[PDB]
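Scroll down for the structure; my scribbles are underneath it.
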Amino acid sequence: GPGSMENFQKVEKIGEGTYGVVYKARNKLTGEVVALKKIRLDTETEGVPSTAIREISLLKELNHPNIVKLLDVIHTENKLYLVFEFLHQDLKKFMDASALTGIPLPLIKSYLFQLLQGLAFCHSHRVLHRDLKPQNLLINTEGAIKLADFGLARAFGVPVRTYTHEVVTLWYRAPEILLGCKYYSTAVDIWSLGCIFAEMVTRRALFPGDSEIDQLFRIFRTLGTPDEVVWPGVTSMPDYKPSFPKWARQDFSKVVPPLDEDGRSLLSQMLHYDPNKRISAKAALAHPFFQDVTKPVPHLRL
Amino acid sequence: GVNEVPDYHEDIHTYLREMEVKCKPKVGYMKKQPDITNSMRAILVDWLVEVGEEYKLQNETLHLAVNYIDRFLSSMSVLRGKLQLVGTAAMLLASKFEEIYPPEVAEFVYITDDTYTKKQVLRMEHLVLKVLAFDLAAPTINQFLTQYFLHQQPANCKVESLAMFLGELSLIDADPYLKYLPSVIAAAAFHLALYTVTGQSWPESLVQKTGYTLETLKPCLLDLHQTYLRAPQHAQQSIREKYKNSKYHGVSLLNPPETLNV
Ligand SMILES: NC(=O)c1ccc(I)cc1
Ligand SMILES: NC(=O)c1ccc(I)cc1
């Protein structure tokens, strides 16, 4: 942790999380543009927040060109400063302002492929993200996109144990979490990424529910209400109810009309009800959808 | 299925094997500790077993805590009067990392019988974080056990709990257990448990996964077999009491085998 605050000049506010604010800053000696996340501990009467403990411990060992890099951690008695690689924008803001007639198919393909690389790296290092959504995907000027905000992430064991429920921002939350399932796994990250894929194509959330049960219903009405055939166990799940309306699965070409056969193929596999059949990030990298991606691989950071 | 992450379990196993060497304590730190001994450490760990029980914490949490403690004591010299303070902060950090519902700081202050203050615990939390440099995601015995468990044919809960138990006993005795890596104690624990309950031995399939054999496990296994035989006589009993409970299938009441015959 060789950093000192004396060496940074703050440039402007760029955002605000739970325990503080993010500034774009400049390293006065090297020239490097960073993002500083401040986490005040003086305010904290419960010592160093668990979110911050997980973020730091987990980001330490996740070095990957598609994961935002933690460069340093400064620890005063009253303040904690996470120094990150700086990326100019998030995917949500890019979709809102610049993607008005859409994201080109090339760029969507590139972004999706990089997100999968990042996520595969997380799972390979026993980290669930648990909050994949466009706000938490940072993009640079060079065409890279990187997983960010590991405040909700967690180190899993194999097999997994019961972790915190109702995780993941609702619109991006997987069926198994919505149904109160005892255990969840890497498949919850894929579901999110699937929702994100659709979203990049349409520029609107695929399942914009306003409650747990409304979220389920929206999913059911889009992919059909799952039964024992499509998803063994579903009806035995803690918050599964027999009274659930039985919606027929509409044809997948209707879910995201502009999408090609390869696209539809991959999307369906990301949005498979059964977490056991849902495609892994590792397998998805080989999907035909990506055959014509050529964007040179982003470089690691030091 | 996905709960056993078929696509990632090997990647993860390999990564844990690399991280267990990085997160390993110094085998000979207690000799360089002027004021503390293996016996004091044992009292501390035993008490952390009780704390885990009082607050119904995960066993993973207990294992992390011990890891944090042993790494801390590897570089920081500590007076006997302050050992509990290190342990308390380690348990807090481990709780915040591994627990869905960590006990509040005040409850940690409470269990130390107001030996220390809220501010002392909190200041010690920051010192451990600084010493460890936030390297908290350490491999544990349990992380390895649970993957080895997947090689049972079929699953057997007495086997699982007994292995958990033996691995826990190992946390107490820095001599000799500091000399073995989590993956190896876990191997030894799994094989001893398997043999005790089913008469079966360390599976071929785990030789493939781990690269370990009864031959490579032999030293550790002899120690663990002694620890098991002597467990009723050990000064520290909280693990035995804990593993009498039916949650762990009363495995501490099983009879250790008199010989390993290998
Ligand atoms: N790494 C960054 O550049 C960054 C991080 C968080 C926010 I909110 C904005 C930018
Ligand atoms: N949580 C709710 O509001 C709700 C739950 C179950 C059904 I069937 C409908 C609504």
Side-chain angles (χ1 to χ4, degrees), chain A residues 3 8-27 31-39 51-52 55-56 58-60 62-74 80-97 114-115 118 129 131-153 165-166 169-170 173 175 177-181 207 209-221 225-227 234-235 237-247 298 300-302:
Chain A
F8 300 97
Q9 176 64 42
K10 290 191 155 71
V11 173
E12 59 185 71
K13 195 179 167 187
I14 53 179
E16 178 175 18
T18 189
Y19 292 113
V21 289
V22 187
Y23 294 82
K24 176 188 192 172
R26 193 182 73 252
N27 180 316
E32 187 185 16
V33 194
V34 297
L36 300 177
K37 186 184 300 195
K38 189 169 72 200
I39 296 150
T51 44
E55 181 161 39
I56 308 164
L58 304 173
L59 274 177
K60 268 217 154 193
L62 292 179
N63 300 106
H64 187 278
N66 295 116
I67 302 175
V68 62
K69 192 155 163 85
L70 189 61
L71 310 173
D72 208 357
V73 169
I74 282 101
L80 204 73
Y81 286 100
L82 308 219
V83 187
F84 295 88
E85 170 185 17
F86 171 77
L87 285 100
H88 81 111
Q89 208 183 198
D90 73 56
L91 178 72
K92 152 58 54 167
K93 280 177 200 159
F94 172 71
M95 278 179 306
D96 285 340
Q114 290 178 67
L115 291 172
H129 190 284
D131 211 20
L132 292 166
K133 54 159 172 203
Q135 295 77 358
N136 287 341
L137 306 185
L138 303 182
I139 60 174
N140 71 15
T141 37
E142 291 291 310
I145 189 168
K146 312 204 179 206
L147 317 194
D149 193 348
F150 277 77
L152 295 174
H165 176 227
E166 282 161 52
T169 306
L170 182 62
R173 183 173 314 162
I177 302 168
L178 291 165
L179 289 172
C181 273
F207 306 124
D210 61 356
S211 53
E212 274 179 284
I213 205 63
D214 187 44
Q215 190 68 25
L216 264 190
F217 289 3
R218 271 134 185 294
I219 294 173
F220 287 3
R221 282 203 294 282
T225 303
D227 60 28
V234 69
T235 73
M237 270 147 47
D239 308 327
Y240 179 84
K241 288 152 67 67
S243 58
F244 279 174
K246 273 174 180 56
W247 284 283
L300 275 66
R301 281 222 82 94
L302 62 80

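For ligands, and for the atoms within them, numbers begin at 1 and follow the listed sequence. Just so we're on the same page: letters track the sequence lines, and every chain starts at 1.
- With sequence neighbours left out, the side-chain hydrogen bond (donor to acceptor under 3.5 Å, both in side chains) criterion links A:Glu212 to no other residue.
- Surrounding NZ of A:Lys93 are at most 12 heavy atoms belonging to other residues, nucleotides or ligands under 6.0 Å away.
- Ligand-side atoms of ligand 1 in range of A:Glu85: 1 (N), 2 (C), 3 (O), range being under 4.0 angstrom from any heavy atom.
- The single protein non-hydrogen atom nearest to atom 3 (O) of ligand 2 is A:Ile213 CG2, 3.8 Å, given as residue, atom name and distance.
- Each of the following atoms of ligand 1 lies closer than 4.0 Å to a heavy atom of A:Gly15: 8 (I).
- Which parts of ligand 2 touch A:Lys241 is read off a 4.0 Å heavy-atom cut-off, strictly below it: atoms 6 (C), 8 (I).
- Taking a cut-off of under 4.0 Å to the non-hydrogen atoms of A:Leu138, the atoms of ligand 1 that pass are 1 (N), 2 (C), 4 (C), 5 (C).
- Looking at A:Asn66, its side chain does come within 3.5 Å of a backbone N or O of A:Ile145 through a donor-acceptor pair.
- For ligand 1, the atoms lying closer than 4.0 Å to a non-hydrogen atom of A:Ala35 are 1 (N), 2 (C), 3 (O), 4 (C).
- The ring pair (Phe, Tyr, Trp, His ring centres under 6.0 Å) test applied to A:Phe244 returns A:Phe217, A:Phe220, A:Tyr240, not counting sequence neighbours.
- Given atom 6 (C) of ligand 1, the protein heavy atom at minimum distance is A:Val22 CG1, 3.9 Å.
- Relative to the six-membered ring of A:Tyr23, A:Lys13 misses at least one condition, a distance below 6.0 Å or an angle of at most 45° to the axis.
- With respect to atom 10 (C) of ligand 1, the closest heavy atom belonging to the protein is A:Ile14 CD1, 3.5 Å.
- Taking 4.0 Å as the cut-off between side-chain N and carboxylate O, A:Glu32 and A:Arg301 count as a salt-bridged pair.
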